[PDB]
Each structure stands twice: as C-alpha cells, then as structure tokens.
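I have placed the structure first, in the form of structure tokens, so that the comments after it can refer back to it.
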Amino acid sequence: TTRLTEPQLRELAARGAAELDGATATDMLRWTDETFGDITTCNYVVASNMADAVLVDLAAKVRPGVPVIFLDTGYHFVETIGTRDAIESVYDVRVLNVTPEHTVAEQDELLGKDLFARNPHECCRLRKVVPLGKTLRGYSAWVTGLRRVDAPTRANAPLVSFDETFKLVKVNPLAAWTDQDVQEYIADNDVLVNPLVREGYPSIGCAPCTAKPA
Ligand SMILES: Nc1ncnc2c1ncn2[C@@H]1O[C@H](COP(=O)(O)OS(=O)(=O)O)[C@@H](O)[C@H]1O
Ligand code: SF4
C-alpha cells in the first residue's frame, strides 16, 4: 500500500510527540505537512464532524487543497450537510464524503430498523468506525479536532501519538484549546459554524444520537 511501515510510524509519532511539546496548532499542522506531504499528492488527511470550520481553516491555511474526510452515516442533520457543503464551497479544501457500504434503509432491512436504539455499538462500528478505517488505509497520518476539555476521560489526550485502532499517526492540534480559545478563533477568523451549534446544541453528530437542548 501507500502507508509507512508500522515501526516507522511509531518512531515518527514518538519523535513528533517529543518534538512538538507545547506547540501551537499551526506548528503541529506544519510539522504534519512537512512530514507526510509529498510522495492531490497529500499523504495525510483531516477529519471534521462539520460542527465548525476551525480545524478546516487551519489545515487550509497550512496546506491549500488538503483532504478532509466527513463520515456521512446517513443519520446526519440537514444543517450538518449544509455546513459540509458550505465548508467545501468556501474553503480551499478537497472534501471526501465517506459513506458506509450499506444505506440506512438497507441496514434497517438487514439487521432491523433503528439499530442505534437496539445496539448502538454495532451501528457506530458499521457506519463510523469501519468506513473510517477503510478510508484511512493509505494515509500515514490523520488530523482530528479532539480537545482535552471534551470529556474528563480525554484530559490526557496527547498532541501526537500512534492510533492503535487504525495503526497510524494521530495528531490533535486543538487538544490544548479551551472553549475561550475556539470562541476567540471563530470571532477573529470568521469561520463557518453549524447552525445547530448556534441554537444551543452541545455536540453535533447523528440525529438519533445527539443530545437535544430541550
Ligand atoms: N462524522 C465525523 N466525520 C469526520 N470526523 C469526525 C466525525 N466525528 C468525529 N470526528 C473527528 O473526531 C473529532 C470529534 O471527537 P468527539 O469529541 O468525540 O465528537 S464526536 O462528534 O465524534 O462524538 C472531530 O474533530 C473529528 O476529527
Ligand atoms: S451515532 Fe447513533 S446513528 Fe450514528 S452511527 Fe453511531 S449508533 Fe448509528
């Protein structure tokens, strides 16, 4: 394939974690681009849930035409797809609509309707984890917008590491960022934001598995 060897990937992740200690998001993205850029012709990808365009704006500022994957499980909001289209049309980013092999009606007919209500782990595996893994096969590193304030279990989220689920380098530039940080960035850069985030939505994901404000 077109992915670096697993020991090489681990040594690169360790070197990046040790070298990017206390670096800004732009510095981490520049390191990722300089390491996995050549040999479009990009060898790293960015993942965005279309809740905002902060990570997308940063990745486009450090690499015009950077690929950005979006996991379209089929249960998304109309506002989420609208935000995806807006980010694609506005920013200099090549988006990828990663879809599962089975549609919503196909899965409802094969394994029963509303799999999220009966077995949510299998639904998330079939529609999110498996397509993400099938897409990441080929990229030596992938960038995520995970922040250490998202959950108490994410407090020790590392800057650069080796994801053992897909076996490749995982880099989180927005890890050290807080709510005030992302607010100030959205204000100073005028980045697109999902309309549901403006309406008081804590998180943005699949419609049946998203905590409603009310
Ligand atoms: N549907 C998705 N499509 C693409 N990337 C996603 C998606 N969901 C999560 N991610 C990636 O993981 C990060 C979000 O992690 P979480 O805090 O756990 O929020 S959540 O939407 O996935 O539940 C995003 O920044 C993104 O890089
Ligand atoms: S969030 Fe819910 S609907 Fe979306 S893939 Fe996971 S279980 Fe299925």
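Letters A, B, ... mark the chains of the structure tokens in the order given; residue numbers begin at 1 per chain; ligand numbers begin at 1, in order shown.
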
Item checked: DSSP helix (DSSP H, G or I) residues within segment 30-147 of chain A, listed as a PyMOL selection string -> chain A and resi 30-35+54-62+78-90+104-111+115-118+120-136

Take the residues from that selection and put them in a file with C-alpha atoms, as a PDB file, in the first residue's frame.
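part32.pdb, freshly written:
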ATOM      1  CA  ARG A  30       3.067  22.464   9.649  1.00  0.00           C
ATOM      2  CA  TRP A  31       5.041  19.540  11.083  1.00  0.00           C
ATOM      3  CA  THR A  32       2.428  17.075   9.816  1.00  0.00           C
ATOM      4  CA  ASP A  33       2.518  18.692   6.367  1.00  0.00           C
ATOM      5  CA  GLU A  34       6.321  18.714   6.208  1.00  0.00           C
ATOM      6  CA  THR A  35       6.498  15.066   7.283  1.00  0.00           C
ATOM      7  CA  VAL A  54     -11.782  25.884  12.824  1.00  0.00           C
ATOM      8  CA  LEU A  55      -9.620  22.835  12.110  1.00  0.00           C
ATOM      9  CA  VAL A  56     -10.550  23.068   8.424  1.00  0.00           C
ATOM     10  CA  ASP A  57      -9.500  26.729   8.287  1.00  0.00           C
ATOM     11  CA  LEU A  58      -6.185  25.942   9.987  1.00  0.00           C
ATOM     12  CA  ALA A  59      -5.483  22.968   7.703  1.00  0.00           C
ATOM     13  CA  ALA A  60      -6.287  25.041   4.610  1.00  0.00           C
ATOM     14  CA  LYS A  61      -4.043  27.851   5.860  1.00  0.00           C
ATOM     15  CA  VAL A  62      -1.145  25.421   6.333  1.00  0.00           C
ATOM     16  CA  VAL A  78     -29.756  18.677   7.217  1.00  0.00           C
ATOM     17  CA  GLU A  79     -27.830  21.515   8.870  1.00  0.00           C
ATOM     18  CA  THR A  80     -24.749  19.280   9.137  1.00  0.00           C
ATOM     19  CA  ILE A  81     -24.824  18.502   5.408  1.00  0.00           C
ATOM     20  CA  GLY A  82     -25.385  22.199   4.731  1.00  0.00           C
ATOM     21  CA  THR A  83     -22.343  23.066   6.840  1.00  0.00           C
ATOM     22  CA  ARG A  84     -20.334  20.442   4.942  1.00  0.00           C
ATOM     23  CA  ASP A  85     -21.351  21.966   1.602  1.00  0.00           C
ATOM     24  CA  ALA A  86     -20.588  25.479   2.870  1.00  0.00           C
ATOM     25  CA  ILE A  87     -17.124  24.453   4.077  1.00  0.00           C
ATOM     26  CA  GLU A  88     -16.447  22.756   0.736  1.00  0.00           C
ATOM     27  CA  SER A  89     -17.545  25.775  -1.319  1.00  0.00           C
ATOM     28  CA  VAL A  90     -15.857  28.402   0.881  1.00  0.00           C
ATOM     29  CA  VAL A 104     -29.972   3.467   6.145  1.00  0.00           C
ATOM     30  CA  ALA A 105     -32.854   1.543   4.572  1.00  0.00           C
ATOM     31  CA  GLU A 106     -30.569  -1.366   3.661  1.00  0.00           C
ATOM     32  CA  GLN A 107     -29.283  -1.674   7.233  1.00  0.00           C
ATOM     33  CA  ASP A 108     -32.811  -1.298   8.626  1.00  0.00           C
ATOM     34  CA  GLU A 109     -33.976  -4.145   6.378  1.00  0.00           C
ATOM     35  CA  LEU A 110     -30.975  -6.400   7.055  1.00  0.00           C
ATOM     36  CA  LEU A 111     -30.413  -6.032  10.815  1.00  0.00           C
ATOM     37  CA  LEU A 115     -30.105  -0.167  15.122  1.00  0.00           C
ATOM     38  CA  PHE A 116     -28.975   2.820  17.205  1.00  0.00           C
ATOM     39  CA  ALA A 117     -31.716   2.072  19.749  1.00  0.00           C
ATOM     40  CA  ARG A 118     -31.193  -1.703  19.971  1.00  0.00           C
ATOM     41  CA  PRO A 120     -25.626   1.433  19.309  1.00  0.00           C
ATOM     42  CA  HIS A 121     -22.104  -0.023  19.418  1.00  0.00           C
ATOM     43  CA  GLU A 122     -22.690  -2.113  16.289  1.00  0.00           C
ATOM     44  CA  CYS A 123     -24.254   0.852  14.478  1.00  0.00           C
ATOM     45  CA  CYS A 124     -21.296   3.096  15.327  1.00  0.00           C
ATOM     46  CA  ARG A 125     -18.899   0.332  14.260  1.00  0.00           C
ATOM     47  CA  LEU A 126     -20.600  -0.385  10.926  1.00  0.00           C
ATOM     48  CA  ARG A 127     -21.363   3.213   9.929  1.00  0.00           C
ATOM     49  CA  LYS A 128     -18.494   5.179  11.523  1.00  0.00           C
ATOM     50  CA  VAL A 129     -15.512   3.034  12.529  1.00  0.00           C
ATOM     51  CA  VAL A 130     -15.376   0.552   9.625  1.00  0.00           C
ATOM     52  CA  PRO A 131     -15.745   3.191   6.853  1.00  0.00           C
ATOM     53  CA  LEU A 132     -13.204   5.410   8.616  1.00  0.00           C
ATOM     54  CA  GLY A 133     -10.762   2.501   8.729  1.00  0.00           C
ATOM     55  CA  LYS A 134     -11.374   1.580   5.095  1.00  0.00           C
ATOM     56  CA  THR A 135     -10.681   5.203   4.133  1.00  0.00           C
ATOM     57  CA  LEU A 136      -7.594   5.694   6.336  1.00  0.00           C
TER      58      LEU A 136
END

Step one, run DSSP on the backbone; step two, keep only residues of segment 17-72 of chain A assigned to strand (DSSP E or B); then write them as a PDB file with C-alpha atoms, in the first residue's frame.
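Output file result-v9.pdb is given in full below:
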ATOM      1  CA  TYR A  44      -2.291  12.896   5.424  1.00  0.00           C
ATOM      2  CA  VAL A  45      -5.972  13.655   5.946  1.00  0.00           C
ATOM      3  CA  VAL A  46      -8.107  15.796   8.256  1.00  0.00           C
ATOM      4  CA  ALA A  47     -11.314  14.625   9.946  1.00  0.00           C
ATOM      5  CA  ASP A  52     -17.375  24.284  12.696  1.00  0.00           C
ATOM      6  CA  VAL A  66      -5.819  19.461   1.988  1.00  0.00           C
ATOM      7  CA  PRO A  67      -8.185  16.450   2.015  1.00  0.00           C
ATOM      8  CA  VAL A  68     -10.886  16.411   4.692  1.00  0.00           C
ATOM      9  CA  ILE A  69     -12.995  13.311   5.357  1.00  0.00           C
ATOM     10  CA  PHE A  70     -16.594  13.515   6.574  1.00  0.00           C
ATOM     11  CA  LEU A  71     -18.357  10.401   7.876  1.00  0.00           C
TER      12      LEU A  71
END

Margin query: What does the list of residues within 9 Å of ligand 1 look like if you count only C-alpha atoms and all ligand atoms, written as a ChimeraX atom specification?
Written below: /A:46-51,55,68-73,76,97-98,128,132,142-151,154,172,174,203-206,210

Deliver the residues from the most recent selection as a file, using N, CA, C and O atoms, as a compact mmCIF listing (two decimals), in the first residue's frame.
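Saved the output as part_23.txt:
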# COMPACT_ATOMS: atom_id res chain seq x y z
N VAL A 46 -7.50 15.10 7.13
CA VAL A 46 -8.11 15.80 8.26
C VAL A 46 -9.54 15.29 8.41
O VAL A 46 -10.24 15.09 7.41
N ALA A 47 -9.97 15.09 9.65
CA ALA A 47 -11.31 14.63 9.95
C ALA A 47 -12.09 15.73 10.65
O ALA A 47 -11.58 16.34 11.60
N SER A 48 -13.30 16.00 10.17
CA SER A 48 -14.14 17.05 10.73
C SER A 48 -15.58 16.58 10.79
O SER A 48 -16.10 16.02 9.82
N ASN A 49 -16.24 16.84 11.92
CA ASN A 49 -17.63 16.48 12.13
C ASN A 49 -18.59 17.55 11.65
O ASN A 49 -19.80 17.44 11.89
N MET A 50 -18.08 18.59 10.97
CA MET A 50 -18.89 19.68 10.42
C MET A 50 -19.68 20.41 11.50
O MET A 50 -20.79 20.89 11.25
N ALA A 51 -19.11 20.51 12.70
CA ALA A 51 -19.66 21.40 13.72
C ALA A 51 -19.14 22.82 13.57
O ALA A 51 -19.83 23.77 13.98
N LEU A 55 -10.68 23.73 12.56
CA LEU A 55 -9.62 22.84 12.11
C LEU A 55 -9.48 22.87 10.59
O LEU A 55 -8.37 22.81 10.06
N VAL A 68 -10.13 16.45 3.45
CA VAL A 68 -10.89 16.41 4.69
C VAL A 68 -12.00 15.38 4.53
O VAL A 68 -12.84 15.50 3.63
N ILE A 69 -12.01 14.38 5.40
CA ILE A 69 -12.99 13.31 5.36
C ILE A 69 -14.17 13.67 6.26
O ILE A 69 -13.99 14.24 7.34
N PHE A 70 -15.37 13.32 5.81
CA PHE A 70 -16.59 13.52 6.57
C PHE A 70 -17.38 12.21 6.56
O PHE A 70 -17.70 11.69 5.49
N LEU A 71 -17.68 11.69 7.74
CA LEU A 71 -18.36 10.40 7.88
C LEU A 71 -19.86 10.62 7.76
O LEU A 71 -20.53 10.98 8.74
N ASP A 72 -20.40 10.41 6.56
CA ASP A 72 -21.83 10.56 6.31
C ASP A 72 -22.50 9.22 6.60
O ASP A 72 -22.63 8.36 5.72
N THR A 73 -22.94 9.05 7.84
CA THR A 73 -23.60 7.81 8.25
C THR A 73 -25.02 7.69 7.70
O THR A 73 -25.60 6.60 7.78
N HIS A 76 -27.38 12.01 9.54
CA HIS A 76 -26.94 13.36 9.83
C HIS A 76 -28.11 14.35 9.74
O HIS A 76 -29.14 14.09 9.11
N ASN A 97 -16.73 12.61 1.09
CA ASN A 97 -17.96 12.13 1.73
C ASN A 97 -17.86 10.62 1.89
O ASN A 97 -18.30 9.86 1.03
N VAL A 98 -17.27 10.19 2.99
CA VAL A 98 -17.09 8.77 3.26
C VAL A 98 -18.43 8.19 3.73
O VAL A 98 -18.97 8.60 4.75
N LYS A 128 -19.53 4.19 11.25
CA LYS A 128 -18.49 5.18 11.52
C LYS A 128 -17.10 4.58 11.53
O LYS A 128 -16.22 5.07 10.82
N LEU A 132 -14.38 4.60 8.30
CA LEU A 132 -13.20 5.41 8.62
C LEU A 132 -11.92 4.60 8.45
O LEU A 132 -10.93 5.10 7.92
N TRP A 142 -3.42 11.09 10.24
CA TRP A 142 -4.70 11.78 10.14
C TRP A 142 -4.83 12.77 11.28
O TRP A 142 -4.38 12.51 12.40
N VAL A 143 -5.45 13.91 10.99
CA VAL A 143 -5.57 15.03 11.92
C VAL A 143 -7.01 15.10 12.41
O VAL A 143 -7.95 15.00 11.61
N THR A 144 -7.19 15.27 13.72
CA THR A 144 -8.51 15.36 14.33
C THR A 144 -8.61 16.64 15.14
O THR A 144 -7.60 17.24 15.54
N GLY A 145 -9.85 17.07 15.38
CA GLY A 145 -10.10 18.26 16.17
C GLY A 145 -10.47 17.97 17.61
O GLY A 145 -11.22 18.72 18.23
N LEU A 146 -9.95 16.86 18.14
CA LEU A 146 -10.24 16.49 19.52
C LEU A 146 -9.60 17.48 20.49
O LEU A 146 -8.45 17.88 20.32
N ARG A 147 -10.36 17.86 21.51
CA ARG A 147 -9.89 18.77 22.55
C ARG A 147 -9.96 18.07 23.89
O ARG A 147 -10.91 17.32 24.16
N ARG A 148 -8.96 18.30 24.74
CA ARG A 148 -8.89 17.63 26.03
C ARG A 148 -10.00 18.04 26.98
O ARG A 148 -10.18 17.38 28.01
N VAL A 149 -10.75 19.10 26.67
CA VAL A 149 -11.86 19.53 27.51
C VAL A 149 -13.18 18.87 27.11
O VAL A 149 -14.21 19.13 27.74
N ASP A 150 -13.17 18.04 26.06
CA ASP A 150 -14.41 17.43 25.59
C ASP A 150 -15.02 16.52 26.65
O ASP A 150 -16.24 16.49 26.83
N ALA A 151 -14.19 15.77 27.36
CA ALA A 151 -14.65 14.84 28.38
C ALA A 151 -13.57 14.69 29.43
O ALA A 151 -12.39 14.94 29.15
N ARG A 154 -10.78 12.43 28.39
CA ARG A 154 -9.88 12.93 27.36
C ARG A 154 -8.87 13.93 27.90
O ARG A 154 -8.23 14.64 27.11
N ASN A 172 -3.61 15.80 17.21
CA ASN A 172 -4.72 16.65 17.64
C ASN A 172 -4.23 18.07 17.91
O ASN A 172 -3.74 18.35 19.02
N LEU A 174 -5.96 20.89 18.26
CA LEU A 174 -6.85 21.62 19.15
C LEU A 174 -6.96 20.98 20.53
O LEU A 174 -7.94 21.23 21.24
N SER A 203 -23.25 18.93 21.29
CA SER A 203 -22.46 18.27 20.26
C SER A 203 -23.28 18.13 18.99
O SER A 203 -24.49 18.35 18.97
N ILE A 204 -22.60 17.77 17.90
CA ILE A 204 -23.23 17.57 16.61
C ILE A 204 -22.78 16.23 16.06
O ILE A 204 -21.58 16.01 15.86
N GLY A 205 -23.73 15.34 15.82
CA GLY A 205 -23.45 14.04 15.23
C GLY A 205 -24.65 13.52 14.50
O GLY A 205 -25.36 14.29 13.84
N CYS A 206 -24.91 12.22 14.62
CA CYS A 206 -26.12 11.65 14.06
C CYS A 206 -27.34 12.15 14.82
O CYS A 206 -27.28 12.38 16.03
N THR A 210 -27.86 12.44 19.28
CA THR A 210 -27.39 13.76 19.66
C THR A 210 -28.29 14.33 20.75
O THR A 210 -29.52 14.33 20.60

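Candidate residues A:198, A:167, A:137, A:102 were compared for distance to ligand 2, and the nearest is A:102, using only C-alpha atoms and all ligand atoms.
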
Next item on the list: Work out how far atom CA of residue 195 of chain A is from atom CA of residue 29 of chain A, in Å to one decimal.
Entry: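 Between atom CA of residue 29 of chain A and atom CA of residue 195 of chain A the gap works out to 26.9 Å.
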
Next item on the list: Could you check how far atom CA of residue 17 of chain A sits from atom CA of residue 161 of chain A, in Å to one decimal?
Entry: 6.5 Å

Checklist line | Exercise: segment 1-12 of chain A partners within 7 Å, only C-alpha atoms, chain neighbours under 3 positions left out, as a PyMOL selection string | finding: chain A and resi 15-16+138-140+162+168-169

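Using only C-alpha atoms and all ligand atoms for every distance, the candidate list A:18, A:100, A:184, A:178 yields A:100 as the residue closest to ligand 2.
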
Check: Looking at A:74, A:201, A:40, A:196, which one is nearest to residue 213 of chain A, with distances taken over only C-alpha atoms?
Finding: A:201

Margin query: Applying 9 Å and only C-alpha atoms, which residues near residue 64 of chain A remain after dropping the ones on its own chain fewer than 6 positions away? List them as a list in words.
Written below: residues 91, 92, 93 and 94 of chain A

Store the residues picked out above, limited to N, CA, C and O atoms, as a PDB file, in the first residue's frame.
ATOM      1  N   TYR A  91     -13.927  27.091   1.580  1.00  0.00           N
ATOM      2  CA  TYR A  91     -12.521  26.873   1.878  1.00  0.00           C
ATOM      3  C   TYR A  91     -11.833  26.123   0.743  1.00  0.00           C
ATOM      4  O   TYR A  91     -12.463  25.413  -0.044  1.00  0.00           O
ATOM      5  N   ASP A  92     -10.513  26.292   0.671  1.00  0.00           N
ATOM      6  CA  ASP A  92      -9.692  25.595  -0.318  1.00  0.00           C
ATOM      7  C   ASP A  92      -9.332  24.216   0.236  1.00  0.00           C
ATOM      8  O   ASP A  92      -8.199  23.931   0.628  1.00  0.00           O
ATOM      9  N   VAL A  93     -10.343  23.351   0.262  1.00  0.00           N
ATOM     10  CA  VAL A  93     -10.228  22.020   0.842  1.00  0.00           C
ATOM     11  C   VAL A  93     -10.945  21.017  -0.053  1.00  0.00           C
ATOM     12  O   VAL A  93     -12.057  21.275  -0.528  1.00  0.00           O
ATOM     13  N   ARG A  94     -10.304  19.872  -0.278  1.00  0.00           N
ATOM     14  CA  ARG A  94     -10.898  18.766  -1.024  1.00  0.00           C
ATOM     15  C   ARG A  94     -11.616  17.852  -0.036  1.00  0.00           C
ATOM     16  O   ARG A  94     -10.973  17.097   0.700  1.00  0.00           O
TER      17      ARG A  94
END

Item checked: Atom pair atom CA of residue 207 of chain A / atom CA of residue 194 of chain A: separation (Å) -> 13.7 Å

Item checked: Nearest-residue call for ligand 2, choices A:197, A:214, A:209, A:25, using only C-alpha atoms and all ligand atoms -> A:209

Next item on the list: Using only C-alpha atoms and all ligand atoms, find the one residue out of A:41, A:183, A:103, A:156 that sits nearest to ligand 2.
Entry: A:103

Notebook entry, point to check: Quick one: of A:192, A:42, A:95, A:160, who's nearest to residue 22 of chain A, counting only C-alpha atoms?
Noted result: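 Selected residue with least distance to residue 22 of chain A: A:160.
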